[PDB]
Amino acid sequence: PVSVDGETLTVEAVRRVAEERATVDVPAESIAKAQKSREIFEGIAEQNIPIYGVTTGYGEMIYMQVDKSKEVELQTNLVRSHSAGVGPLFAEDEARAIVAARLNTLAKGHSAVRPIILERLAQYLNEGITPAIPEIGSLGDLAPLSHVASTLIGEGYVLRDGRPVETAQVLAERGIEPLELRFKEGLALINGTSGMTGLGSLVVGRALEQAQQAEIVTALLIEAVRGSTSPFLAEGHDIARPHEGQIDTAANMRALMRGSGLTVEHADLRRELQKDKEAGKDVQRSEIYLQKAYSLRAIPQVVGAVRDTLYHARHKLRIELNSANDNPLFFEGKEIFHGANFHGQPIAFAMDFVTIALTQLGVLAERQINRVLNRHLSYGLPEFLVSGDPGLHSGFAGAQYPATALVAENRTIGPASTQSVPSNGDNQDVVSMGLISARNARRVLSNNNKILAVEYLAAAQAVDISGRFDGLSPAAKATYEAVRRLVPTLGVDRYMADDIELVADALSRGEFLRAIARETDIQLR
Amino acid sequence: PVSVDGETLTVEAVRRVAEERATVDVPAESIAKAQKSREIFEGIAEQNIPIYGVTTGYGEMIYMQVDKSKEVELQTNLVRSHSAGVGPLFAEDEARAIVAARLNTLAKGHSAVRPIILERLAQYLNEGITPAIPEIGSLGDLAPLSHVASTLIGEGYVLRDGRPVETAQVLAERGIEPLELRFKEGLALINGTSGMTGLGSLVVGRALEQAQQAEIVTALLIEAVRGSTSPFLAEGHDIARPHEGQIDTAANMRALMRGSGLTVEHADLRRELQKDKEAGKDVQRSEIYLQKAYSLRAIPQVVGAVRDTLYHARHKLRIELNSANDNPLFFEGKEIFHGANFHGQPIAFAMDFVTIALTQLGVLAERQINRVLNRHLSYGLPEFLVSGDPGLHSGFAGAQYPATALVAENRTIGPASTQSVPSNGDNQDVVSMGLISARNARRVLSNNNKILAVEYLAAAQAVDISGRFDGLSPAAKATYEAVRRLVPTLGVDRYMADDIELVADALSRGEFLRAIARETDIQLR
Amino acid sequence: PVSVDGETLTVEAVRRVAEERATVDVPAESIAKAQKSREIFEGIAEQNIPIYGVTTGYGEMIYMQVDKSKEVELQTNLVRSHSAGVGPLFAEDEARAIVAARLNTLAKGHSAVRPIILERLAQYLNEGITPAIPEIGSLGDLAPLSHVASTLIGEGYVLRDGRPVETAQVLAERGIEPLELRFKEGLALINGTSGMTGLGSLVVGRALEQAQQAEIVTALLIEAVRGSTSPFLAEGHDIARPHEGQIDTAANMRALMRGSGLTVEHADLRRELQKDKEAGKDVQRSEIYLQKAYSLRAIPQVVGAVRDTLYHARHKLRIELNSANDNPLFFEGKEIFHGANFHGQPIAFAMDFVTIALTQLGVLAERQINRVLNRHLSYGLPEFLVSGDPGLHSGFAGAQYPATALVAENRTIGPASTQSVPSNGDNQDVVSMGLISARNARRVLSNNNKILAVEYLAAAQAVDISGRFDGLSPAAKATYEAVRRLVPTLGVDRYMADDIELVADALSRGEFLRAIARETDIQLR
Ligand SMILES: *N[C@H](c1ccc(O)cc1)C(F)(F)C(=O)O
Ligand SMILES: *N[C@H](c1ccc(O)cc1)C(F)(F)C(=O)O
Ligand SMILES: *N[C@H](c1ccc(O)cc1)C(F)(F)C(=O)O
């Protein structure tokens, strides 16, 4: 079970609830802290004193004072008038992550909402009731969260087999009686960063697994091309350049290639090269390369930088997940806090940074593909990995194009966290556009799986063409088998699309990270 | 019927074939010119002389000389090895536009393909056989066109109710015997810009209708707010600043508001303002604005600039549609032309420019929405168009957000025509990424319909709140009725998403352009 | 004196050396380490053992084996052939930061450089010999570092009065004998990230001061328009949403407005509303805003997010400064390390994020300017801060434009860390472009000072027009006076460009941060 206590929720926890339908539980302590903050708050709203969104209009219309006698209407009109989302609907897991983020937020106890709201949200998650949430509308997350809030009151739509269905129907067929929003409840359900933070959580968690799966195929490729292990030696990172991510990537690369009979040690390389040099020449040519190209050597530095960005994003997301990103807020013994914790700037930036970092991860993976397919660049491998008569067959020549194209495409994706546009009578004069940033990172993550899919297939192909299977390390063999289990060796030319999408789906499921765990002792950071 | 003669095909013609399933016909003359270019070419290939893609390997593997005895295999291996597309599938109309563009290209007669290829392509279009074409893979359009070529040989997949189905099955169930590719036919079917040019055609055609529909709601809005007609007077454009698009937009605005009883003439404005000024004051305040804000005045200049960009794009597309964008090429009495007419740079640029122009069209539409919803900015209209008790009801306050958000999103879309990345052993060292550019423009076009949807609804709402219906011009009344036919006046607050998507779908169908044509004499440029 | 030991250098220290010309000293322990490593390495090189860039060609030409008899020539040809920088030259302070970063890198003792090289770079810094370094060339920093390396051997140019002067002459004048590059010294000098790390250090250090100065004006503005203090209450951050930067910004704002007679507490706002309301009916309008717009309420969340980004960048830069970003590397008792520690991905990413963060800092400042100039949003202040008769005078109307334009300009600056382009026979197939990333950030930083300059002038003007000087807090009176000491109150309209440039310059040297330190007891985070 996952404890949604507004204090200890983690990015991985969110993914379990969202992706693996893990049961959720709001601890008694959170319910208690919620019921008590609600109790006090109600006594305040009963005196009809000015409170944003409770006894006043919303946004710019805050100058409008509303009498407590309207309590339920004010909250309902809000949820309805703001359910203005457009575009595609979020997938089931994305919608669950968002709902989980809003629940954790309210579970912190400063939102002044009745316990049944938390209970009803936890119920929807546990009973598989997923709101239909359109992706566009959030300025950074009113619209998206309004569609969620709608379902709690028997309105809006819920997801069922990919399509939206009236909430009223699904609820009636559940024996669940919709709720009636009271003081501040409508506002609290929609005034937060749960959309960008929920989706961001999924993206960053998966981004880290992608970094791992990139290291996994990179290792296999390095073995298949008989690269040097020098670039990954601990001294060059742990000692000479202590960036956390760099140290982690190098450690993972050393572990992945451990036991390989194909990789080369620097000592052997220079000795081999030394034997190759004559004594009378001041300058002489050699076919031996003491060092390989950047794409097969600067891995610790590049993927490591990506990891650093991802670590920073996860840290921000963890703080956010367990924060009262709502307004106004309640603190026992104090005036009602009127601030802007609903402003997603910290997540907007974090996700924009993830978009950039993942784009470079893809750039690296595509150049490695180029490396293995180019005869002048690959170590003893036929052009474009053609196993038969080249020219007559193109081998992987056509498969490189989608990878190359996705790099160009990811590069057309610009930062959204800096594109605020003033709205609502200039009341919202500076916003974060955070959910766009999150959707941007998701897109790159998705495109990267396709790029990586081509690389995984190319690597497995490089293995059988060279006849180097037996030399592969235990991990490389596991990776190879995982690919071959999905797609066979490329003999004559054939329709490629199905094979690529098959491997890319596997990557999106973390299937290669699983193969390593299930087939080796290796523990990847 | 649409004549696909490789000489006179127009962007509108492509849309008819693609969107309205208009019958296609390859004229006897084109078939003749095709059979004759094929005849001669065959005599050339029979001498086993070096010809790219016919008797040699493809791309970098052109150094590989292939014997004519392989004819069919070479062409088939090519189509299969290059069907490496990934991502979503193009919709039925998009796939039809692409196929139509490839047919027109071959119909020009310099591709040296057998007539049955043209006949079979025309057959697929006329019989409703739509290839399943994944959107990603083209470097600017091998992969996408390879998926098309696959279906001609009974391979790959075809679209059926949104899903891909094996071509072999569908063909067998059609009594159609797949084709067998011969000398150069596989290469000719995939070596062109038909993907970006086919999709570009649809986008630009629809872009022009969007410009018209933006002018339509802008006119209604100007009437509803009682704006001045001064900005649209012919002298200010036809004489003072002769940009084609500017002249066209102003002419359309004058025609649309013709007969309005709400608009104001400059003469009346200054007279009204003159009566309002005292004689003893050197400087005095007034609530009268002789001029309105840019969003309700710089329409000719802004939408006109958009039109200019769109006119330029359509011109490029028309030239491209009727060009031999293929390689190598055949010209009677000459050596086989080995060039690069498959390079989509002219379309890549054109579509990137359309992406930019349409983004600004959206920027303008969103500020007009802001204009009508802001009490301090709208002419005698309640805040956020709330017809009842503001504050208690938010009216259109929540509806502005998706429009504002889409502007920010369109701004994160960067040019693709400059992002070439070298591939295929540096053989393709400079590409255009044109299909990405085309998909970029499509996205903005799609987002703009949502922005416009909010504006159309806001305008109709501004009409009933002000009680100005009776004053609307014949065209404004037609536009108003068209909206009300889909969505009712906004009384109390209510779920907005459905209403917005309903109007946006209508816009994507050109429903408002239709209302004007069907309800008025007005002829819009 | 700043200790350059390759272990403890800080960004702050880098600035002292670069901006304040603090003296540099390589500690004896570092000299001893470098000496020992040099002697051991020399013994290895003397045996003609294959070592990258010592006994082999460079980059792709690593396959060329060069005899040790060409020691000096090899290192020298490298520096010359790579001194291909173009574009403007870095300023004195920027060039010193680059030299400083390189010196610290070599001082770590893993570069196998003779101690004299450390001594000479130190001497250039301590004696004011500044390399003329072209800003463009680095793929991320060979070209720019090669121009620096050139000056050590008496070649290239030295900067003087913004003009380049042949090094040989300068050294001849100062009485210094150029050095002769020995094994690996040419490569060690140019094979690192000192260009982006040096420049990045200055930028990040100043960016933090810019965040402080943004908080300083914002505090003054808030007092000038009597905004609420509820948004900065500790429990809303320290407790509710503990993002480090957010907590710091709130804490700073709290300290800045302490002792103000103009700011209002939420308790007051609600009491004023409670009284303004006369419970006769349910819904009523009020002129009182219980909460202010985002630009005056979301300060901790937005500037806090910027701080978070800057803290991460500073942390990455601190690690990088004290790293052996060079290749190959010497580790006693171990094989020579052949990796890629010269790859700037970690800093390239870091600076791209700083570019993004600062852009948003400017977006916020520009909207705050819009706030006080717009009569509908200023809260009683005259339109455009005109003190005389509006219309006849425009006041600050024209001054807003450069600020607005700069926001647009900063948004046209895209990430560079993702724009790698393969070069050098594909040996450098994945680079970082980090120096471009650092210059992008410097540009936004510079542009922001202009935006803030207009805001500082507008704030002070608002103080004057409202006659609220006496009600200002101590910090606010100090900020106000600092401005007034440079620019007079705006009476009649007048040329504004000199006034803005004067305050923009004051901001670039941190004069406002200094006024606070000198006039108050406030210590800002
Ligand atoms: N997030 C609130 C809000 C603003 C505007 C509309 O239409 C709905 C909700 C808020 F106002 F911004 C706030 O909580 O301060
Ligand atoms: N468009 C051709 C091509 C190149 C590469 C691959 O793999 C398939 C097809 C061409 F080579 F570029 C050409 O026609 O010149
Ligand atoms: N930075 C080195 C380099 C590369 C290319 C050229 O032309 C000069 C120097 C290196 F190669 F990258 C290296 O491995 O250090």
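Things to note:
- Using equal-weight Cα scatterers in the Debye expression, the normalised intensity of segment B:1-192 in log10 at q = 0.08 Å⁻¹ is -0.24.
- Dipole moment magnitude, nearest 20 debye, the protein assembly as shown about Cα centre, only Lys, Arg, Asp, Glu C-beta charged: 1140
- All alpha carbon pair distances within segment B:149-254 were sorted into 5 Å bins beginning at 0; the resulting P(r) in whole percents reads 2, 10, 11, 11, 11, 9, 6, 6, 6, 8, 9, 7, 4, 0.
- With a cut-off of 14 Å between beta carbons, the residues surrounding B:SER228 carry a summed charge of +2, where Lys and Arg count +1 and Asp and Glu -1.
- Each part reduced to its alpha carbon centroid, segment A:379-441 and segment C:315-364 end up 24 Å apart.
- Of all DSSP beta bridges confined to the protein assembly as shown, the antiparallel ones make up roughly 75%.
- Label distances, nm, C:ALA405 versus same residue in remaining copies, Cβ-directed 7 Å point: 3.4, 4.2
- Links that overshoot a 20 Å alpha carbon limit, given the list C:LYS108/C:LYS334; A:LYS70/A:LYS184; C:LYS450/C:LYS477; C:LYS36/C:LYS108; B:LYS70/B:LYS184: C:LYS450/C:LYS477
- Among the residues of C:212-223, the average count of other protein chain beta-carbon atoms within 10 Å of the residue beta-carbon is 0.
- Estimated purely from DSSP H runs of n ≥ 4, each contributing -39500 (n - 2.57), the mean residue ellipticity at 222 nm for chain A is -17000 deg cm²/dmol once divided by its residues.
- Virtual spin-label span in nm between C:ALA397 and A:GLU127, 7 Å along Cα→Cβ: 6.1
- When A:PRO27 is represented by a point 7 angstrom out along its Cα-to-C-beta vector, the spacings to that point in the other copies are 4.5, 8.0 nm, nearest first.
- Euclidean distance between Cα centres, segment C:228-258 to segment C:112-162, Å: 45
- Cβ-based charge dipole, the protein assembly as shown, positive-most Cα from A:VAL72, B:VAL503, C:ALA149: A:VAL72
- The residue list C:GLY198, A:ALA458, A:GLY395 was ranked by how far each Cα lies along the charge dipole of the protein assembly as shown toward its positive end, using unit charges on Cβ atoms, and C:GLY198 comes out on top.
- Cα gyration tensor, segment C:417-525 - rounded (a/c under 1.5), prolate or oblate: prolate
- C-alpha center-to-center spacing [segment C:22-40, segment B:456-525] in angstrom: 79
- Projecting the Cα atoms of C:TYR294, B:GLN274, C:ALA188 onto the charge dipole of the protein assembly as shown, computed from C-beta unit charges around the Cα centre, puts B:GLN274 farthest toward the positive end.
- Summing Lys and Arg as +1 and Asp and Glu as -1 over all other residues whose Cβ lies under 10 Å from the Cβ of A:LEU392 gives a net charge of -3.
- Those chymotrypsin sites (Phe, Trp or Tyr not before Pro) in segment B:11-79 that DSSP places in a loop and that have at most 13 other beta carbons within 10 Å: none
- Residue of chain C with the Cβ closest to the rotation axis carrying C onto B, and that distance rounded to whole Å: C:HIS376, 2.
- Taking every DSSP beta bridge that has both ends in chain A, the antiparallel portion is near 75%.
- Size of charge dipole - chain B - debye, nearest 20, with Cβ of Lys, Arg +1 and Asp, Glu -1, no other charges: 1140
- Near A:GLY425, once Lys and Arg are set to +1 and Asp and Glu to -1 for all other residues with Cβ below 12 Å from its Cβ, the sum equals -2.
- Legend: calculated FRET efficiency, C:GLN523 to C:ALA28, from the Cβ-Cβ distance at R0 = 35 Å, rounded to 0.05, equals 0.45.
- Geometric extent, Cα atoms of segment C:193-525 - Rg, Dmax (angstrom): 23.0, 89
- The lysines within cross-link reach of A:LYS292, meaning a Cα-to-Cα straight distance under 18 Å and a gap of 8 or more places when in the same chain, come to none at all.
- Cα gyration tensor shape of the protein assembly as shown, rounded if a/c is under 1.5, else prolate or oblate by comparing a/b with b/c: oblate
- Here A:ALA172 yields copy-to-copy label distances, from shortest upward, of 4.7, 9.9 nm, the label point defined as 7 Å from Cα along Cα to C-beta.
- At q = 0.15, 0.24 Å⁻¹, base-10 log of I(q)/I(0) for segment A:478-525 (Debye sum, equal scatterers on each alpha carbon): -0.44, -0.89
- Across segment C:253-265, rounded Karplus estimates of 3J(HN,Hα) from the backbone phi angles (6.51 cos²θ - 1.76 cosθ + 1.60, θ = phi - 60°) give 5, 4, 5, 5, 8, 4, x, 8, x, 9, 4, 10, 8 Hz, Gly and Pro being marked x.
Every number in this text was worked out from the coordinates using simple rules, so none of it is lab data. Quick reminder, even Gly has a Cβ in these numbers, built from the backbone with ideal geometry, and neighbours come from all protein chains shown.
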